[PDB]
Amino acid sequence: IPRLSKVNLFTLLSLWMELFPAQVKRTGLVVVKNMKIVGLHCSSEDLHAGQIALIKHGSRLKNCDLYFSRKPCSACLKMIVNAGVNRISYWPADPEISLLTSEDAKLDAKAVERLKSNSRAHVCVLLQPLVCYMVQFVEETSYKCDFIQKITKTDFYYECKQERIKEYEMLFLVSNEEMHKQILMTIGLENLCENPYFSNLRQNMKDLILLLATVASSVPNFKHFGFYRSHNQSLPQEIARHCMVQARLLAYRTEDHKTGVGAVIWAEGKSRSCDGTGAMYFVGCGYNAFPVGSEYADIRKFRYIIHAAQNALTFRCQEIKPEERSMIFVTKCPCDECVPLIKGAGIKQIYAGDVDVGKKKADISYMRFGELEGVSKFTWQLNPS
Amino acid sequence: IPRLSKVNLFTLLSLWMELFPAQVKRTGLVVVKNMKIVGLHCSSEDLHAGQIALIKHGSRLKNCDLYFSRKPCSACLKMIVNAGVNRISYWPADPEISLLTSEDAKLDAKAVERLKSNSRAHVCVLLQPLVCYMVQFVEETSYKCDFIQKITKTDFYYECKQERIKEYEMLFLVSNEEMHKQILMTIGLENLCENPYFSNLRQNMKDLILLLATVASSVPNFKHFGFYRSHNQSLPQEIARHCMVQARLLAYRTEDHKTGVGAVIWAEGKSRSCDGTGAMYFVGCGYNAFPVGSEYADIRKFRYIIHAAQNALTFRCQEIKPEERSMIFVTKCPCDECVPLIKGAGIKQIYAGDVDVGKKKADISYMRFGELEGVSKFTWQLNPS
Amino acid sequence: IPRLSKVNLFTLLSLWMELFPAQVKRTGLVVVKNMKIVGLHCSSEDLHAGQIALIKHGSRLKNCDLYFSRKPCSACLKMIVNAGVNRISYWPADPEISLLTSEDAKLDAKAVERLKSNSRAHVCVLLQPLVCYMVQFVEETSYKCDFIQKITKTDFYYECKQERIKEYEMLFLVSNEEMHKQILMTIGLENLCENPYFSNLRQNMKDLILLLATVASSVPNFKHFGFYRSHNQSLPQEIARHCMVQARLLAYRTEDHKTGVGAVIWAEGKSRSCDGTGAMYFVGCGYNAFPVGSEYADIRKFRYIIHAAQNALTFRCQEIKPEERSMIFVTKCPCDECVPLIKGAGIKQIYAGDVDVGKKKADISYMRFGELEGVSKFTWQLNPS
Ligand SMILES: [Zn+2]
Ligand SMILES: [Zn+2]
Ligand SMILES: [Zn+2]
Ligand SMILES: [Zn+2]
Ligand SMILES: [Zn+2]
Ligand SMILES: [Zn+2]
């Protein structure tokens, strides 16, 4: 199956992070250490994503890859190059200080360019063209996902996808080519305004937004559908849908199996936070893959697949606090091998699609999820109220 | 004096961890990083030791040495090689999925062997023969230890040692040579099924169990003897004895001084835990040794000895939580130089053998232990009740 | 402007840490890792600074630079070379075990020298001479600092400076040359007892104490002046003055800008601690500088300055606990881009000199500090009571 590019996932997550429910525009930020996600941040009303990551990580930002949905300002860029980040990837549409409003906006962008010149860190654009079948593969698997088939069992998806397309190009894309060229002049991307580089960048950006709208619509705000019980209190539906699209994006990094499963872990601290996500903070993410260092990565072969929940718990940037409410979002029903790990790790809530619940396959089982105690299970369904 | 090897200590601690008081058999696990113990785990009713270590450490298992009392199954092995462990050492008697019950047990064992082929991590048997005088040295020093002499001052030890030999041979050894050969073939140890390698492995296994039964009997469940006050509530006697044997095993890594002292630090979390040890979790361990990076390691020379308690507090894998109940188990009375460190570190309880309490020797003193306030002191003695 | 060197700052901070308000003399200790301060410790009634740092850091002392205000004893030195420190710097005066009282004191010093010979770590005197204009620059800028100018608005400073010179010379310097030679004879500094090395060491020692007495007097205990509101409860005035002199010393590491700003972050844990500072523990420190790894460090150029508060929050050795009271001490009023960072980081209290509060300069503003909510602001002023 086609696999989402590893830097394209980080670019897509930063765009999705900007859409996290809550002159200067909101920015999503993905912090990546050792090519593993260690931070998912969004701008707040008071602080920018780059300044939030400095508070959250500080000197731990050393040798980290930062993926911005908007080019960071001079104040943000100086603080992260001071922290020691190596790569700063940004989505080249409109920076933090909007250029579509200003003399100050151009001045700040000009100061960013000369800060980049006099610095070791690399401020660049790391979005890649997708595989020829990648968009169609995501579009087909978004029909077949748990959350869309659940609604079907009880045409709508295509309508929902089209509205997300119009909304997301309105936010992440500059429709007017002349405005985009002026932005690329201002943010030091002069090499990308000459064809075919201008058209290639614009088509690559539109392809990534089309894929993002496809994935976001696969967990849609359709009717009263949401995550309900089937602490014990559920997350807000807008937040729960957002974290499931995160896990769904992670599910497209799977290439070792025919079906991609994605998992993301989020926790809610019992205190005020500076992040735009609020008390919500990222814990860990993972997808279905083979063990790192194994020959499979380079009886059925599925037995050695590391599941999405296992990878999320393995490469976690934060510890699970017993006092805090922690959530794991799995694109499928957690299996008989993953449920004990989730309960053992202390995760309070499970948000998953229970299409395969109670099923016993040849090499995987989903029997322990139905009879799970001590962990709140929220599944995609109509509101019981 | 004869010194226990590091791998032999780690192998013995994994066997001892399986005996931690609480088709698939229980497994003890020792996690070692940079030749320092960072985790002492045992299998629980719900999770295996390998799965527990993934929850406890996760990506921190990278380049960690894992010592299993039983060969881990395919689910455990794939997760730890995915985590990044380099060397997996197991006791070659009976794996997690018991082969003495099965087609599934053999099938899982065969799947483990081709993970070892298709992976970077090393699944080996780091078991070594003991020194010629090591067993006799341990047996002699077990007479002279504080806990045996405390009972003597108030023939029994040899009887206690003999029962542990029968019990531990029945648990960690395959007495029948034919079943042991079948296990070794099934777990990919065909090179150890031919003499003299078969006899050498079995004799070395029996030597390690005989030493383990000697050490375990030195802190015996004899009469009403235990650790009593002489938070503030004591540990369960079975747990306290187990942690003292851990420290006693660490005491045999000492070679810089004629007398070996061992210390281990354990704490109780105020929440549910997935480990087979329950809320108990390992904090740090150490023994009497010279400073690392000194000519002594490679004015009396004892004043340069780093004591067991100091080494335990130095190379601690966990921080001491003020809200938690933390315990240190010292094979002897803590000295006037270690008691301030234990109190300063915030350790709530001290379990020790106070044979030398109130004594002023040349390079060591034991006056501050008797007059210590703010720390609970539990010593080996008869129950005052 | 003249700039204080790193080793001289660490040496001066260790001497200042000895003066932290609360046979064997009190010792201040600075723990430095990767040229960043990760620990500010002082001796307590029960424990020494070297033993406290072992409790505070343990194995994290590996490859750490330890700066002592007095030469550590044999017990302290063995534990820190065992922990793995790569360099021990001490103030070449009366050591931890005072030699001005003793056969035991001389015996311990001989044991320290023998341990140093048979060990990898370097026990040295990293004291350096100051720049020719360094003392006069500090003396001039101490007139112009916020705290001295605040009192002037509401001759006194020179009198206060002279008493600190007499007090600090009596504490950190050996006035008699004969006793100082005997100390240097005993502590293995035989090469510093011959002129001009003896006179160079003594003159450099007196120069550092004169600079320290100049910085300390710039935040003096003059009349009722202190830090008052203008949790919510203020620190003790002696503690607050001490931490601001720490930040003021950090302000003299600034050379990128004509005016030096320093910031230090301290937190108070809600539990007993072994340190001589009590529940107070060091969090982070910083000064005004250009980003690390930038051409500026090796559109106005001040826009790229990393402020003292931003550097303190970036290179912090501890996290800001929401339940704890955390304090930041800034030598000047925090600017409009540092106040959001301080509030975002969760720092409860700000101690600063609000000379520039409410001022709007070309490239810096101080408008958000006056209208700050949720953070306690304590400024240098007379007691309102
Ligand atoms: Zn910004
Ligand atoms: Zn699974
Ligand atoms: Zn297993
Ligand atoms: Zn001791
Ligand atoms: Zn000392
Ligand atoms: Zn500032």
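Criteria and cut-off values
Residues numbered from 1 in each chain as written, not as in the entry; some residues may be left out. Chains lettered and ligands numbered in written order. Heavy atoms only, no water. Residues with missing side-chain atoms left out of burial classes, pairs and counts. Helix = DSSP H or I, 4+ residues; strand = E, 2+ residues; numbered from the N terminus. Rg over C-alpha atoms; globule rule 2.2 N^0.38 Å. Donors = N, O, S within 2.8 Å, 3.2 Å for Na, K, Ca; no water. Tetrahedral: all angles 85-135°; square planar, octahedral: opposite > 155°, others 65-115°. Buried < 20%, exposed > 50% of the residue type's maximum accessible area, 1.4 Å probe, protein only. Least-squares fit on C-alpha atoms. Salt bridge = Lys/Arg side-chain N within 4 Å of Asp/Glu carboxyl O. Arc of directions from axis to C-beta. Contact = heavy atoms within 4.5 Å. Nonpolar A, V, L, I, M, F, W, Y, C, P; charged D, E, K, R; others polar. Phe/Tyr/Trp six-rings, centres within 6.5 Å; stacked < 30°, edge-to-face > 60°. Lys NZ or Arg CZ within 6 Å of the ring centre and 35° of its normal. Pairing = 2+ DSSP bridges. Axes fitted to C-alpha atoms, helices over the stretch in contact; angles between N-to-C directions. Parallel < 35°, antiparallel > 145°, perpendicular 65-115°, else oblique. Left-handed = near helix turned anticlockwise from the far one by under 90°.

The record lists cryo-EM as the method behind this PDB entry and 3.06 Å as its resolution.

Undergrad: Explanation requested: the overall build of chain A in the structure shown.
TA: Summing up its helical and strand segments, chain A has twelve helices and eleven strands in all. Radius of gyration (C-alpha) of chain A: 21 Å, near the 21 Å computed for a compact globule of 385 residues. With respect to the principal axes defined by its C-alpha atoms, chain A has extents near 60 × 50 × 45 Å.

Undergrad: Looking at this structure, how should I read the coordination of the zinc ion (ligand 3)?
TA: Tetrahedral coordination by four donors sets the ideal angle at the metal to 109.5 degrees; octahedral coordination by six donors sets it to 90 or 180 degrees. All names here are of chain B. Bound to the zinc ion (ligand 3) on the protein side are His-48 (ND1), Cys-73 (SG), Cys-76 (SG) and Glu-96 (OE), at distances that span 2.0 to 2.3 Å. Classification of the site at the zinc ion (ligand 3) rests on its four donor atoms, whose angles at the metal span 100 to 123°, yielding the label tetrahedral. Given a relative accessible area of 17%, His-48 falls into the buried group. Taking the relative accessible area as the measure of exposure, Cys-76 reaches 0% and is therefore buried.

Undergrad: Is there a simple way to think about the relation of the copies chain B and chain C in this case?
TA: Put simply, the two copies of the chain differ by a rotation about an axis and a shift along that axis. Rotating chain B by 120° and translating it 0.0 Å along the rotation axis places it on chain C, where the RMSD comes to 0.1 Å. This pairing of chains is accounted for by a three-fold axis.

Undergrad: Would you take a moment to explain the coordination of the zinc ion (ligand 2) for this structure?
TA: All names here are of chain A. All of the protein donors around the zinc ion (ligand 2) are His-307 (ND1), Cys-335 (SG) and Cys-338 (SG); their distances to the metal are 2.0 to 2.3 Å. Site description for the zinc ion (ligand 2): donor spacing in sequence, H-x27-C-x2-C. Of the two residues, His-307 sits in the loop between β8 (280-287) and α11 (308-314) while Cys-335 sits in the loop between β9 (325-330) and α12 (339-345), which places them 28 residues apart along the sequence. The same class applies to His-307 and to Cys-335, which are both buried.

Undergrad: How should the pattern of salt bridges be read in this particular structure?
TA: A side chain of one charge can pair with a side chain of the opposite charge if their charged atoms are brought near each other. Evaluated as defined, the whole model comprises 45 salt bridges over all chains. B:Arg316 is the salt-bridge partner of B:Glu319, the closest N and O atoms lying 3.3 Å from each other. A relative accessible area of 39% places B:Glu319 in the partly exposed class. Note that C:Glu113 and C:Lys71 form a salt bridge whose closest N and O atoms lie 2.4 Å from each other. Members of the salt-bridge network, linked through shared partners, are A:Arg60, C:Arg316 and C:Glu319.

Undergrad: Would you take a moment to explain helix α8 (residues 177-186) of chain A for this structure?
TA: Because each turn of an α-helix spans 3.6 residues, side chains separated by three or four positions in sequence point in the same direction. All names here are of chain A. Regarding α8, the residues found buried are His-180, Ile-183, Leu-184 and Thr-186. For α8, the angular spread of buried residues about the axis comes to 160°, placing them on one side. Structural note: α8 exposes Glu-178 and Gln-182 on the side pointing more than 90 degrees away from its buried face. Turning to α8, the residues buried within the fold contact α4 (103-117) and α9 (197-217). One or two residues past the end of α8 sits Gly-188, with phi positive at roughly 70°.

Undergrad: Hey, could you run me through the interface of chain B and chain A in this one?
TA: Interface size is commonly expressed as the accessible area that is lost once the parts come together. Contact with chain B, which involves 27 residues of that partner, is made by 26 residues of chain A. Listed by contribution, the elements that provide at least two residues to the side of chain B that touches chain A are α2 (49-56), α3 (74-83) and α4 (103-117) of chain B. Ranked by residue count, the leading element in the side of chain B that touches chain A is α3(B), at seven residues. Its residues placed into classes, the side of chain B that touches chain A shows eleven nonpolar, nine polar and seven charged.

Undergrad: I would appreciate a short explanation of the interface of chain B and chain C in the present structure.
TA: Facing 27 residues of chain B, the contacting portion of chain C comprises 28 residues. For the side of chain B that touches chain C, the elements supplying multiple residues, two or more each, are α11 (308-314) and α12 (339-345) of chain B. Taken together, the residues of the side of chain B that touches chain C break down into 14 nonpolar, seven polar and six charged.

Undergrad: How do you make sense of unusual backbone geometry when you look at a structure like this?
TA: With the exception of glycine, the majority of residues adopt a negative phi angle, and the majority of peptide bonds are in the trans configuration. Residues and elements named next belong to chain A. Looking along the chain, the bond that leaves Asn-195 and enters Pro-196 is cis, with omega of 5°. In the Ramachandran plot, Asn-34 falls in the positive-phi region, its phi being about 55° despite a non-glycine side chain. Tracing the chain through its elements places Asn-34 in the loop between β1 (28-33) and β2 (36-42). Among the residues examined, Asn-34 registers a relative accessible area of 71% and is labelled exposed.

Undergrad: Quick question: what am I supposed to make of the packing of aromatic side chains here?
TA: Each aromatic ring pair is characterised by the separation of its centres together with the angle its planes make. Within this structure, the stated rule accounts for 54 aromatic pairs over all chains. Taking 4.5 Å as the distance between ring centres and 20° as the angle between the ring planes, the aromatic pair formed by A:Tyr351 and A:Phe378 counts as stacked. Of the two residues, A:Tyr351 is situated in strand β10 (residues 349-352) and A:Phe378 in strand β11 (residues 376-382); the sequence distance between them amounts to 27 residues. Just as A:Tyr351 is buried, A:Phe378 falls in that class too. With 4.7 Å between their ring centres and 15° between their planes, C:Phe329 and C:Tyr351 make a pair best called stacked. Taken as a pair, C:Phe329 in strand β9 (residues 325-330) and C:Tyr351 in strand β10 (residues 349-352) lie far apart in primary sequence, 22 residues in all. The positively charged end of A:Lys377 is found above the aromatic ring belonging to A:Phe369, 5.8 Å away from the centroid.

Undergrad: Any chance you could explain the side chain of C:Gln51 here in plain terms?
TA: Among the structural elements, C:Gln51 can be located in helix α2 (residues 49-56). When sequence neighbours within four positions are dropped, the list of residues in contact with C:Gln51 reads B:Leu341, C:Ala75, C:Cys76 and C:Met79.

Undergrad: Would you take a moment to explain the sheet that holds strand β6 (residues 225-229) of chain B for this structure?
TA: Residue and element names in this part refer to chain B. Spatially, six strands are ordered β6-β11-β10-β9-β7-β8 in an open sheet, and the strand pairing comes out mixed. With one partner strand each, in any of the chains shown, β6 and β8 (280-287) form the two edges of the open sheet. Ignoring strand direction, the axes of neighbouring strands in this sheet form an average angle of 25°. Where strand β7 (residues 262-268) lies against strand β9 (residues 325-330), six bridges are found, and the strand directions are antiparallel. Within the sheet, the bridge partner assigned to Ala-263 lies in β9 and is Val-330. Along the sheet face, helix α10 (residues 237-250) touches β6, β7, β8, β9, β10 (349-352) and β11 (376-382) and points at about 145° away from the line of β7.

Undergrad: How do you make sense of the packing of helix α7 (residues 156-172) of chain B against helix α9 (residues 197-218) of chain B when you look at a structure like this?
TA: When two helices pack together, their arrangement is given by the angle between the helix axes and the distance between those axes. All names here are of chain B. Two elements in contact, α7 and α9, have axes whose closest approach is 8 Å; the angle formed by their N-to-C orientations is 135°. Classified by the angle their axes make, α7 and α9 are oblique. Here α7 runs over α9; the crossing is right-handed. Contact with α7, carried on its side by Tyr-157, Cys-160, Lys-161, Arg-164, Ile-165, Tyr-168, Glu-169 and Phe-172, involves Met-205, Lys-206, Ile-209, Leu-210, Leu-212, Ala-213, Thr-214, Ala-216, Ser-217 and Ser-218 of α9 and no other residues of that element.

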